[PDB]
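Enquirer: Encoded as structure tokens, here's the structure I'll be asking about.
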Number of protein chains: 4
Amino acid sequence: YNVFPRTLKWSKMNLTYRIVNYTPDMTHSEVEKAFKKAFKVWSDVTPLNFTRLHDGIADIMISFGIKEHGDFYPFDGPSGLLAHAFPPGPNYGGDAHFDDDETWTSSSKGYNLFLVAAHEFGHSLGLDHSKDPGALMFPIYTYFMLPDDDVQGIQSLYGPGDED
Amino acid sequence: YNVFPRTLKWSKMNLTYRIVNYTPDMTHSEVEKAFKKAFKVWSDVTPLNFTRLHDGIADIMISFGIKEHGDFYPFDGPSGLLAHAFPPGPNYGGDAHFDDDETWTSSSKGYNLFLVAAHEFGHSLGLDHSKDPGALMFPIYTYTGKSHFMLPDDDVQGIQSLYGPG
Amino acid sequence: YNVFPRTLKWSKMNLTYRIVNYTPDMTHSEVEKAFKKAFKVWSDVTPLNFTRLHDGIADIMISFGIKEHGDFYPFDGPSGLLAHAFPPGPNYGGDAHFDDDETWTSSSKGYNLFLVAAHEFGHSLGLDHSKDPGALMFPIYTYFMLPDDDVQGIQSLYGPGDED
Amino acid sequence: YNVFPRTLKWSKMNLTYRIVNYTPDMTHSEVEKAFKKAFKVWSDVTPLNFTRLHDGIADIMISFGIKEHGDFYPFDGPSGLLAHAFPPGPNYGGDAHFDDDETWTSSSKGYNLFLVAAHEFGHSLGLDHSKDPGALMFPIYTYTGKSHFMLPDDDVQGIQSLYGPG
Ligand SMILES: CCOc1ccc(-c2ccc(S(=O)(=O)N[C@@H](C(=O)O)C3CCN(C(=O)OC(C)C)CC3)s2)cc1
Ligand SMILES: CCOc1ccc(-c2ccc(S(=O)(=O)N[C@@H](C(=O)O)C3CCN(C(=O)OC(C)C)CC3)s2)cc1
Ligand SMILES: CCOc1ccc(-c2ccc(S(=O)(=O)N[C@@H](C(=O)O)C3CCN(C(=O)OC(C)C)CC3)s2)cc1
Ligand SMILES: CCOc1ccc(-c2ccc(S(=O)(=O)N[C@@H](C(=O)O)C3CCN(C(=O)OC(C)C)CC3)s2)cc1
Ligand SMILES: [Ca+2]
Ligand SMILES: [Ca+2]
Ligand SMILES: [Ca+2]
Ligand SMILES: [Ca+2]
Ligand SMILES: [Ca+2]
Ligand SMILES: [Ca+2]
Ligand SMILES: [Ca+2]
Ligand SMILES: [Ca+2]
Ligand SMILES: [Ca+2]
Ligand SMILES: [Ca+2]
Ligand SMILES: [Ca+2]
Ligand SMILES: [Ca+2]
Ligand SMILES: [Ca+2]
Ligand SMILES: [Ca+2]
Ligand SMILES: [Zn+2]
Ligand SMILES: [Zn+2]
Ligand SMILES: [Zn+2]
Ligand SMILES: [Zn+2]
Ligand SMILES: [Zn+2]
Ligand SMILES: [Zn+2]
Ligand SMILES: [Zn+2]
Ligand SMILES: [Zn+2]
């Protein structure tokens, strides 16, 4: 027999992600680089490995949309909600949605896609918000080295991987 | 930091359930009996007890639906997905949905409601899938053709590891 | 070439319906009789013909549910919203949903299923609400002969069928 | 009584559109050109004019998505449904969604975006399906392999019956 695990987490270290569509704000390569770096933030401190899928069903489905986009959390136009991601689980579990009514960038202007994505993927992997104002998982965006609180949090779920 | 802690088991032994709607495939009475029997599978070997409510919110909300039915875990027509249930917790936690595109029965035809419900309720109470091919909590549905059902030891073990013996 | 028709309506006279599930409040036959009678209200004054399907995809999919049930119009518990139906069209077009947190009956108690359904099927066929307080399509439930305003409305869309 | 009257055509000749997001299959520039060309198919033979907006609400909101994407008319993976658009009107009226589980291209491979968009925009402007197998508004997709596209007379007739000639 098997009881469910103590916390929401992926039961496998090899996870896939798919960039379903793209924002008008950045080139395809800029978006790909931002997400690749956001996933590396987490894989650098755990045994997690992420492989990008170009089509089909990935564990983490990434998309850009506005207002109603297929779930119970419609976006709200410019500002306000920026993006959201679902905790580990089947179907929409792990997926990350970005509000395309925001201006996504690879700079300090608008909202930095890499930073928001790194935060969203923390949710995709099982982390909720932190009370630490310097943590990546703090609930408010402010514009890289993963803070220690986020390292302790993610490793409590998946272990450290190679500590080297 | 904070993670998403999971409710490993119900913190109370007295649970409530409500049959929100009914399948066209069986009589109301047949449906009620199948669910009662399915809960008894688990209550018989633990301190758990189930009470049926006819209105309002119950811990375990039971309903039949097809395709997209309110939780974005859509069903898929005949075959494939049969039903699903959420693990212990508030709101949708514990709830069980049955795909009415399946033909539900009190026999070997289509899918036996009692057997599928008993399996789903295992999930509702905190049990994941077993690796023992003879367990109720095994992921594949099979029907014995017998009029009596005996909860396999693996399931007794699992459920009791969470709630203790009755 | 073909432009779209002037009003939302079914482009065929032969329509199907399927009772997907049933309310705990009445027997299966009582529900079937209530819906059969509700459809006859409309077929008796137009060329429409309704055939019940036991499975598969019907033009008019009928179901009972509570709160969130698969669309943008979640129900609200006892009282308030009673049911709703979508105007003619593909997929959810024409479908009718009944709030099972209400008590459905074949009497004057609770909400009469036949009466509410007859009203909902008017929507399923293309009628919106009427200002006539005696009309079946009036927006407020009050507890059979189809009122003249509803006859004029439905025939403006489908014609009278056999006037005999 | 009241029925649900349909907006037979846009009451203004100057329409706006916005490309909300982009497919992974083509460059932003390729996508923009395909949509511009698709609108021009219709504006070339009518008094209609289209203006691209980069933010806010436009009459014709264009987006790519998969499966359930916000309107409960879910897409279905590779093949089958390619895209859909709503007839003239407020809100979702005029909007066009493309199934990104299809491979969109500027050629004969997968589905040609320009050709499918031109067809969808026909719907956005008030045209239903034609019965003429050689029409853009015919329900079945076919690709000529030619670098130039000429709006068939049947479509010119249909669109002009609604908006008049240019
Ligand atoms: C150096 C600090 O780094 C960062 C970077 C980004 C963020 C944020 C990204 C998105 C937001 S938000 O304001 O849009 N809120 C969302 C979030 O925090 O992810 C929430 C998630 C939960 N919600 C939700 O809809 O849950 C669903 C997914 C179950 C509502 C929006 S803050 C915070 C800190
Ligand atoms: C003597 C053997 O007895 C049985 C009786 C029934 C079953 C099954 C019932 C339903 C299925 S299934 O193929 O539909 N899978 C579901 C399940 O195992 O219950 C899962 C549940 C989790 N799912 C899901 O989406 O859950 C969400 C709601 C969290 C996907 C389907 S097998 C298996 C063995
Ligand atoms: C002798 C008079 O006979 C009757 C019988 C029943 C009714 C009613 C049935 C349901 C209601 S309601 O209060 O629940 N409102 C719904 C309705 O009028 O059908 C509306 C429909 C539109 N809505 C909606 O969600 O639209 C969706 C379907 C597009 C909101 C609820 S009144 C009115 C008169
Ligand atoms: C030279 C020939 O040129 C063409 C180019 C493209 C097409 C097609 C594009 C998309 C399709 S489809 O098979 O996906 N059907 C859709 C369509 O015809 O546009 C319909 C639209 C209406 N739908 C729908 O659900 O609309 C809702 C949103 C109201 C269902 C799919 S065929 C046909 C001919
Ligand atoms: Ca590592
Ligand atoms: Ca926003
Ligand atoms: Ca997922
Ligand atoms: Ca944007
Ligand atoms: Ca519950
Ligand atoms: Ca199924
Ligand atoms: Ca069934
Ligand atoms: Ca008739
Ligand atoms: Ca209600
Ligand atoms: Ca329908
Ligand atoms: Ca009820
Ligand atoms: Ca629009
Ligand atoms: Ca498709
Ligand atoms: Ca694609
Ligand atoms: Zn979302
Ligand atoms: Zn967050
Ligand atoms: Zn469900
Ligand atoms: Zn199971
Ligand atoms: Zn509904
Ligand atoms: Zn109404
Ligand atoms: Zn759509
Ligand atoms: Zn079409």
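Simple scheme: letters A, B, ... for chains in structure tokens order, numbers from 1 for residues in each chain, numbers from 1 for ligands in the order shown.
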Considering only C-alpha atoms, extract the chain C residues located within 7 Å of chain B and return them as a count of residues only.
Expert: 8
Enquirer: Give me the residues near residue 37 of chain B as a list in words, where near means some atom within 12 Å (using only C-alpha atoms) and where sequence neighbours in that chain fewer than 3 positions away do not count.
Expert: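 My list of contacting residues is residues 30, 31, 32, 33, 34, 40, 41, 42, 43, 44, 50, 106, 113, 114, 115, 116, 117, 118, 119, 121, 148, 149, 150 and 151 of chain B.
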Enquirer: Would you work out the distance separating atom 34 (C, counted along the ligand's line) of ligand 2 from atom CA of residue 92 of chain A, expressed in Å to one decimal?
Expert: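 Rounded to one decimal, the two atoms are 23.9 Å apart.
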Enquirer: Tell me, which residues of segment 22-161 of chain A carry DSSP alpha helix (DSSP H), written as number ranges by chain?
Expert: A: 28-43, 113-125, 148-158
Enquirer: Given a cut-off of 7 Å, what residues near ligand 15 show up using only C-alpha atoms and all ligand atoms, put as number ranges by chain?
Expert: C: 23-25, 99-104
Enquirer: Could you tell me, counting only C-alpha atoms and all ligand atoms, which protein and nucleic acid residues lie no more than 10 Å from ligand 12, written as a count of residues only?
Expert: 17
Enquirer: Could you check which of B:49, B:58, B:134, B:73 is closest to chain D, using only C-alpha atoms?
Expert: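 Counting only C-alpha atoms, the residue closest to chain D is B:73.
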Enquirer: All residues within 8 Å of ligand 19 are required, counting only C-alpha atoms and all ligand atoms; please report them as a PDB file with C-alpha atoms, in the first residue's frame.
Expert:
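Below you can see part.pdb, which holds the result:
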ATOM      1  CA  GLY A  65      -2.612  34.922 -21.923  1.00  0.00           C
ATOM      2  CA  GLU A  68      -9.986  34.430 -18.925  1.00  0.00           C
ATOM      3  CA  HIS A  69      -7.459  31.890 -20.174  1.00  0.00           C
ATOM      4  CA  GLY A  70      -8.720  28.460 -19.121  1.00  0.00           C
ATOM      5  CA  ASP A  71      -8.813  28.214 -15.333  1.00  0.00           C
ATOM      6  CA  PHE A  72     -10.419  29.746 -12.215  1.00  0.00           C
ATOM      7  CA  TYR A  73      -7.901  32.569 -12.036  1.00  0.00           C
ATOM      8  CA  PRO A  74      -8.611  35.063 -14.810  1.00  0.00           C
ATOM      9  CA  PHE A  75      -6.025  37.797 -15.295  1.00  0.00           C
ATOM     10  CA  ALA A  83       1.276  35.541 -13.265  1.00  0.00           C
ATOM     11  CA  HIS A  84       0.481  32.413 -11.285  1.00  0.00           C
ATOM     12  CA  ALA A  85       1.426  28.770 -11.182  1.00  0.00           C
ATOM     13  CA  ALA A  96       2.671  28.584 -15.091  1.00  0.00           C
ATOM     14  CA  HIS A  97       0.638  31.371 -16.701  1.00  0.00           C
ATOM     15  CA  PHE A  98       1.880  34.902 -17.364  1.00  0.00           C
TER      16      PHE A  98
END
Enquirer: Taking only C-alpha atoms and all ligand atoms into account, which residues are within 6 Å of ligand 2, as a short mmCIF file (atom, residue, chain, number, x, y, z; two decimals) with N, CA, C and O atoms, in the first residue's frame?
Expert:
data_model
loop_
_atom_site.label_atom_id
_atom_site.label_comp_id
_atom_site.auth_asym_id
_atom_site.auth_seq_id
_atom_site.Cartn_x
_atom_site.Cartn_y
_atom_site.Cartn_z
N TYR B 73 -10.49 19.19 -14.42
CA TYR B 73 -9.89 17.85 -14.55
C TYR B 73 -11.03 17.18 -15.34
O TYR B 73 -11.76 16.33 -14.82
N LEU B 81 -10.56 7.50 -18.39
CA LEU B 81 -10.84 7.93 -17.02
C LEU B 81 -12.25 7.48 -16.58
O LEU B 81 -13.21 7.70 -17.29
N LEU B 82 -12.35 6.88 -15.40
CA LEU B 82 -13.63 6.41 -14.88
C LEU B 82 -14.25 7.34 -13.84
O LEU B 82 -15.48 7.51 -13.78
N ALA B 83 -13.38 7.90 -13.00
CA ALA B 83 -13.78 8.76 -11.90
C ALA B 83 -12.51 9.26 -11.23
O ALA B 83 -11.43 8.73 -11.47
N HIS B 84 -12.64 10.26 -10.36
CA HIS B 84 -11.49 10.74 -9.61
C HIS B 84 -11.95 11.31 -8.28
O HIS B 84 -13.13 11.62 -8.12
N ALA B 85 -11.05 11.42 -7.32
CA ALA B 85 -11.42 11.93 -6.02
C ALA B 85 -10.23 12.69 -5.49
O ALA B 85 -9.09 12.38 -5.84
N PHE B 86 -10.50 13.68 -4.65
CA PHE B 86 -9.45 14.51 -4.05
C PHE B 86 -9.04 13.97 -2.68
O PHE B 86 -9.88 13.46 -1.93
N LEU B 115 -17.68 -0.97 -6.59
CA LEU B 115 -16.25 -1.23 -6.64
C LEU B 115 -15.43 0.02 -6.97
O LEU B 115 -14.39 0.27 -6.36
N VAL B 116 -15.89 0.79 -7.95
CA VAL B 116 -15.17 2.00 -8.32
C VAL B 116 -15.25 3.02 -7.19
O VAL B 116 -14.25 3.66 -6.85
N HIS B 119 -12.91 2.22 -4.33
CA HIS B 119 -11.55 2.60 -4.71
C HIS B 119 -11.38 4.12 -4.57
O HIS B 119 -10.40 4.60 -3.97
N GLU B 120 -12.32 4.88 -5.11
CA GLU B 120 -12.25 6.34 -5.01
C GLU B 120 -12.26 6.82 -3.58
O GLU B 120 -11.53 7.75 -3.22
N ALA B 135 -4.86 -5.74 -4.72
CA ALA B 135 -5.45 -4.72 -3.85
C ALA B 135 -6.56 -3.90 -4.50
O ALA B 135 -6.58 -3.72 -5.71
N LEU B 136 -7.50 -3.42 -3.68
CA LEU B 136 -8.58 -2.57 -4.18
C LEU B 136 -7.92 -1.29 -4.71
O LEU B 136 -8.34 -0.74 -5.72
N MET B 137 -6.87 -0.82 -4.03
CA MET B 137 -6.19 0.40 -4.45
C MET B 137 -5.18 0.23 -5.59
O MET B 137 -4.38 1.12 -5.85
N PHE B 138 -5.22 -0.91 -6.27
CA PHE B 138 -4.35 -1.11 -7.43
C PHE B 138 -4.97 -0.16 -8.48
O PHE B 138 -6.17 0.09 -8.46
N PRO B 139 -4.17 0.38 -9.41
CA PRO B 139 -4.71 1.29 -10.43
C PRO B 139 -5.59 0.71 -11.54
O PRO B 139 -6.29 1.46 -12.22
N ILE B 140 -5.57 -0.60 -11.73
CA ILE B 140 -6.36 -1.19 -12.79
C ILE B 140 -7.63 -1.87 -12.29
O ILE B 140 -7.61 -2.65 -11.34
N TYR B 141 -8.74 -1.55 -12.95
CA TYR B 141 -10.03 -2.10 -12.60
C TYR B 141 -10.22 -3.53 -13.11
O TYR B 141 -9.96 -3.80 -14.27
N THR B 142 -10.64 -4.44 -12.24
CA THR B 142 -10.96 -5.81 -12.65
C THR B 142 -12.19 -6.17 -11.80
O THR B 142 -12.35 -5.64 -10.69
#
Enquirer: After a least-squares superposition on chain C using every in-order C-alpha pair, I'd like chain A written out as a tab-separated table (two decimals) with C-alpha atoms, in the first residue's frame.
Expert:
chain	number	residue	atom	x	y	z
A	1	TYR	CA	-21.64	32.21	-50.13
A	2	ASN	CA	-23.62	32.38	-46.88
A	3	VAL	CA	-23.91	35.18	-44.32
A	4	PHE	CA	-24.95	34.29	-40.77
A	5	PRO	CA	-28.73	34.25	-40.07
A	6	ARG	CA	-30.42	37.31	-38.49
A	7	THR	CA	-31.06	35.72	-35.09
A	8	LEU	CA	-29.59	32.94	-32.98
A	9	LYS	CA	-31.63	29.85	-33.88
A	10	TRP	CA	-31.17	26.20	-34.77
A	11	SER	CA	-30.77	25.70	-38.53
A	12	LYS	CA	-32.52	22.32	-38.33
A	13	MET	CA	-35.98	21.31	-37.08
A	14	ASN	CA	-34.88	17.92	-35.74
A	15	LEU	CA	-33.12	18.46	-32.40
A	16	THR	CA	-31.87	15.99	-29.82
A	17	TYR	CA	-31.57	16.23	-26.05
A	18	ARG	CA	-29.90	14.05	-23.45
A	19	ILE	CA	-30.60	13.95	-19.71
A	20	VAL	CA	-26.95	13.55	-18.58
A	21	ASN	CA	-27.73	13.05	-14.91
A	22	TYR	CA	-30.64	13.23	-12.46
A	23	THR	CA	-31.72	15.20	-9.42
A	24	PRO	CA	-32.11	13.37	-6.10
A	25	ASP	CA	-35.52	15.09	-5.69
A	26	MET	CA	-37.67	13.13	-8.16
A	27	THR	CA	-37.69	9.67	-9.75
A	28	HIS	CA	-36.09	9.17	-13.15
A	29	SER	CA	-39.50	8.78	-14.81
A	30	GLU	CA	-40.85	11.98	-13.18
A	31	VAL	CA	-37.86	13.92	-14.53
A	32	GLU	CA	-38.23	12.36	-17.97
A	33	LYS	CA	-41.93	13.20	-18.04
A	34	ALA	CA	-41.29	16.80	-16.93
A	35	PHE	CA	-38.72	17.38	-19.70
A	36	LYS	CA	-40.80	15.57	-22.33
A	37	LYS	CA	-43.76	17.85	-21.51
A	38	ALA	CA	-41.54	20.97	-21.46
A	39	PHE	CA	-40.31	20.20	-24.99
A	40	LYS	CA	-43.87	19.47	-26.21
A	41	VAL	CA	-44.86	22.97	-25.13
A	42	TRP	CA	-42.62	24.25	-27.90
A	43	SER	CA	-43.05	21.50	-30.48
A	44	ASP	CA	-46.85	21.92	-30.31
A	45	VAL	CA	-46.55	25.41	-31.88
A	46	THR	CA	-43.60	25.11	-34.30
A	47	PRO	CA	-42.17	22.55	-36.77
A	48	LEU	CA	-39.64	21.46	-34.08
A	49	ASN	CA	-39.19	17.74	-33.30
A	50	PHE	CA	-37.22	16.56	-30.28
A	51	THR	CA	-35.68	13.13	-29.89
A	52	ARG	CA	-34.18	11.94	-26.62
A	53	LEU	CA	-30.67	10.44	-26.74
A	54	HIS	CA	-29.54	8.21	-23.89
A	55	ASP	CA	-25.83	8.81	-24.46
A	56	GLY	CA	-23.43	10.66	-26.71
A	57	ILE	CA	-23.69	14.24	-27.90
A	58	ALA	CA	-27.15	15.79	-28.11
A	59	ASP	CA	-27.95	19.29	-29.32
A	60	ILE	CA	-29.45	20.06	-25.92
A	61	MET	CA	-27.42	18.53	-23.07
A	62	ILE	CA	-29.36	18.63	-19.81
A	63	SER	CA	-27.74	18.31	-16.41
A	64	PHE	CA	-28.13	18.95	-12.69
A	65	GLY	CA	-25.22	20.36	-10.72
A	66	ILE	CA	-24.21	22.76	-7.96
A	67	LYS	CA	-21.82	25.68	-7.62
A	68	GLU	CA	-19.07	25.42	-10.25
A	69	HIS	CA	-20.24	22.90	-12.84
A	70	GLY	CA	-18.23	23.54	-16.00
A	71	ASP	CA	-19.00	27.01	-17.35
A	72	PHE	CA	-18.80	30.73	-16.48
A	73	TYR	CA	-22.07	30.68	-14.56
A	74	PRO	CA	-21.54	28.89	-11.25
A	75	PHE	CA	-24.67	28.19	-9.22
A	76	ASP	CA	-25.16	29.73	-5.80
A	77	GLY	CA	-26.66	27.30	-3.34
A	78	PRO	CA	-30.34	27.30	-2.29
A	79	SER	CA	-32.50	30.02	-3.87
A	80	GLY	CA	-31.14	32.80	-6.05
A	81	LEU	CA	-30.21	31.39	-9.46
A	82	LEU	CA	-32.39	28.35	-10.33
A	83	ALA	CA	-31.10	27.20	-13.72
A	84	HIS	CA	-29.85	28.61	-17.00
A	85	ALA	CA	-29.55	27.62	-20.62
A	86	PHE	CA	-27.41	28.69	-23.51
A	87	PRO	CA	-28.81	30.08	-26.76
A	88	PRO	CA	-28.62	28.02	-29.98
A	89	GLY	CA	-25.10	27.27	-31.11
A	90	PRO	CA	-22.31	24.64	-31.19
A	91	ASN	CA	-20.99	22.86	-28.07
A	92	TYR	CA	-22.60	24.30	-24.94
A	93	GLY	CA	-25.09	26.15	-27.14
A	94	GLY	CA	-28.61	25.02	-26.26
A	95	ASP	CA	-27.56	23.20	-23.08
A	96	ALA	CA	-29.66	23.57	-19.92
A	97	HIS	CA	-28.32	23.35	-16.36
A	98	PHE	CA	-30.44	23.09	-13.22
A	99	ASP	CA	-29.21	24.05	-9.75
A	100	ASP	CA	-29.54	20.93	-7.65
A	101	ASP	CA	-29.30	22.94	-4.46
A	102	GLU	CA	-32.97	23.84	-5.25
A	103	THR	CA	-35.74	21.33	-4.49
A	104	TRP	CA	-37.18	20.16	-7.79
A	105	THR	CA	-40.75	18.88	-7.84
A	106	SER	CA	-43.71	17.82	-9.93
A	107	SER	CA	-45.91	19.96	-7.68
A	108	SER	CA	-46.46	23.48	-6.38
A	109	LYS	CA	-43.82	23.00	-3.69
A	110	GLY	CA	-40.17	23.98	-4.19
A	111	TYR	CA	-39.60	24.72	-7.89
A	112	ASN	CA	-41.69	22.90	-10.50
A	113	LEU	CA	-39.21	21.17	-12.82
A	114	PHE	CA	-41.58	21.15	-15.79
A	115	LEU	CA	-42.22	24.91	-15.59
A	116	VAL	CA	-38.58	25.92	-15.10
A	117	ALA	CA	-37.49	23.56	-17.87
A	118	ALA	CA	-40.11	24.88	-20.31
A	119	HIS	CA	-38.71	28.38	-19.66
A	120	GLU	CA	-35.09	27.20	-20.00
A	121	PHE	CA	-35.81	25.39	-23.28
A	122	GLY	CA	-37.23	28.65	-24.61
A	123	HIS	CA	-33.69	30.05	-24.11
A	124	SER	CA	-32.20	26.87	-25.62
A	125	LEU	CA	-34.27	27.59	-28.72
A	126	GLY	CA	-33.53	31.29	-29.07
A	127	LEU	CA	-35.90	33.30	-26.86
A	128	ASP	CA	-34.63	35.84	-24.36
A	129	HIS	CA	-36.85	37.35	-21.66
A	130	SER	CA	-40.27	38.98	-22.18
A	131	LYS	CA	-41.65	42.14	-20.52
A	132	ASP	CA	-45.06	40.41	-20.33
A	133	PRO	CA	-45.63	39.30	-16.67
A	134	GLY	CA	-47.89	36.49	-17.88
A	135	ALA	CA	-45.36	35.11	-20.36
A	136	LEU	CA	-43.47	31.87	-19.80
A	137	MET	CA	-40.31	33.79	-20.76
A	138	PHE	CA	-40.93	36.47	-18.08
A	139	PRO	CA	-37.69	36.55	-16.00
A	140	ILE	CA	-39.25	35.66	-12.63
A	141	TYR	CA	-40.61	32.28	-11.56
A	142	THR	CA	-44.26	32.06	-10.50
A	143	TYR	CA	-46.16	28.77	-10.24
A	144	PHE	CA	-50.66	24.32	-19.02
A	145	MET	CA	-51.18	26.64	-21.94
A	146	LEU	CA	-48.22	28.42	-23.57
A	147	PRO	CA	-48.95	32.18	-23.31
A	148	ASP	CA	-49.51	34.03	-26.57
A	149	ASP	CA	-46.43	36.21	-26.23
A	150	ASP	CA	-44.24	33.06	-26.11
A	151	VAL	CA	-46.13	31.58	-29.09
A	152	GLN	CA	-45.48	34.74	-31.16
A	153	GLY	CA	-41.85	34.74	-30.10
A	154	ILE	CA	-41.05	31.13	-30.88
A	155	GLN	CA	-42.95	31.21	-34.22
A	156	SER	CA	-41.08	34.35	-35.32
A	157	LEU	CA	-38.00	32.11	-35.25
A	158	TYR	CA	-39.30	28.76	-36.51
A	159	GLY	CA	-42.71	29.25	-38.06
A	160	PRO	CA	-45.90	27.57	-36.73
A	161	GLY	CA	-45.45	24.01	-37.99
A	162	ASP	CA	-48.85	22.34	-38.47
A	163	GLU	CA	-51.40	24.92	-37.32
A	164	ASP	CA	-53.99	22.20	-36.75
Enquirer: Could I get the residues of chain D with an atom no further than 8 Å from an atom of ligand 16, each paired with its nearest atom pair and that distance in Å to one decimal, using only C-alpha atoms and all ligand atoms, sorted by chain and residue number, as JSON lines?
Expert:
{"residue": "D:57", "atom": "CA", "partner": "ligand 16", "partner_atom_place_in_ligand_line": "1 (Ca)", "distance": 7.8}
{"residue": "D:58", "atom": "CA", "partner": "ligand 16", "partner_atom_place_in_ligand_line": "1 (Ca)", "distance": 6.5}
{"residue": "D:59", "atom": "CA", "partner": "ligand 16", "partner_atom_place_in_ligand_line": "1 (Ca)", "distance": 4.2}
{"residue": "D:60", "atom": "CA", "partner": "ligand 16", "partner_atom_place_in_ligand_line": "1 (Ca)", "distance": 4.6}
{"residue": "D:61", "atom": "CA", "partner": "ligand 16", "partner_atom_place_in_ligand_line": "1 (Ca)", "distance": 5.6}
{"residue": "D:86", "atom": "CA", "partner": "ligand 16", "partner_atom_place_in_ligand_line": "1 (Ca)", "distance": 8.0}
{"residue": "D:88", "atom": "CA", "partner": "ligand 16", "partner_atom_place_in_ligand_line": "1 (Ca)", "distance": 7.7}
{"residue": "D:89", "atom": "CA", "partner": "ligand 16", "partner_atom_place_in_ligand_line": "1 (Ca)", "distance": 6.7}
{"residue": "D:90", "atom": "CA", "partner": "ligand 16", "partner_atom_place_in_ligand_line": "1 (Ca)", "distance": 5.5}
{"residue": "D:91", "atom": "CA", "partner": "ligand 16", "partner_atom_place_in_ligand_line": "1 (Ca)", "distance": 4.5}
{"residue": "D:92", "atom": "CA", "partner": "ligand 16", "partner_atom_place_in_ligand_line": "1 (Ca)", "distance": 4.3}
{"residue": "D:93", "atom": "CA", "partner": "ligand 16", "partner_atom_place_in_ligand_line": "1 (Ca)", "distance": 4.2}
{"residue": "D:94", "atom": "CA", "partner": "ligand 16", "partner_atom_place_in_ligand_line": "1 (Ca)", "distance": 4.6}
{"residue": "D:95", "atom": "CA", "partner": "ligand 16", "partner_atom_place_in_ligand_line": "1 (Ca)", "distance": 4.8}
Enquirer: For the residues in that selection, give me N, CA and C atoms as a tab-separated table (two decimals), in the first residue's frame.
Expert:
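Here's the written file result-v7.tsv:
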chain	number	residue	atom	x	y	z
D	57	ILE	N	-7.99	46.79	-25.55
D	57	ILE	CA	-8.99	46.03	-26.27
D	57	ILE	C	-9.15	46.54	-27.69
D	58	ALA	N	-9.12	45.60	-28.62
D	58	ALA	CA	-9.29	45.88	-30.04
D	58	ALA	C	-10.57	45.12	-30.43
D	59	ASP	N	-11.17	45.47	-31.56
D	59	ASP	CA	-12.39	44.78	-31.99
D	59	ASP	C	-12.12	43.29	-32.20
D	60	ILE	N	-11.03	42.99	-32.88
D	60	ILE	CA	-10.67	41.61	-33.16
D	60	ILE	C	-9.43	41.21	-32.37
D	61	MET	N	-9.64	40.49	-31.27
D	61	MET	CA	-8.53	40.04	-30.43
D	61	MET	C	-8.04	38.70	-30.96
D	86	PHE	N	-15.37	34.29	-33.54
D	86	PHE	CA	-16.74	34.67	-33.22
D	86	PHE	C	-17.28	35.68	-34.22
D	88	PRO	N	-19.41	39.01	-35.77
D	88	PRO	CA	-19.42	40.41	-35.34
D	88	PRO	C	-20.20	40.67	-34.06
D	89	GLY	N	-19.66	41.57	-33.24
D	89	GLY	CA	-20.31	41.92	-32.00
D	89	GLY	C	-19.33	42.37	-30.95
D	90	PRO	N	-19.82	42.79	-29.77
D	90	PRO	CA	-18.98	43.25	-28.67
D	90	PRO	C	-18.28	42.10	-27.95
D	91	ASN	N	-17.31	42.45	-27.12
D	91	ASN	CA	-16.57	41.47	-26.33
D	91	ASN	C	-15.86	40.42	-27.19
D	92	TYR	N	-16.20	39.15	-27.02
D	92	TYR	CA	-15.57	38.08	-27.80
D	92	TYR	C	-15.92	38.16	-29.29
D	93	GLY	N	-16.97	38.92	-29.62
D	93	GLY	CA	-17.36	39.08	-31.02
D	93	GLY	C	-16.17	39.51	-31.87
D	94	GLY	N	-15.99	38.82	-32.99
D	94	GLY	CA	-14.88	39.13	-33.88
D	94	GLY	C	-13.55	38.47	-33.52
D	95	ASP	N	-13.40	38.00	-32.28
D	95	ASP	CA	-12.12	37.42	-31.86
D	95	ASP	C	-11.79	36.13	-32.61
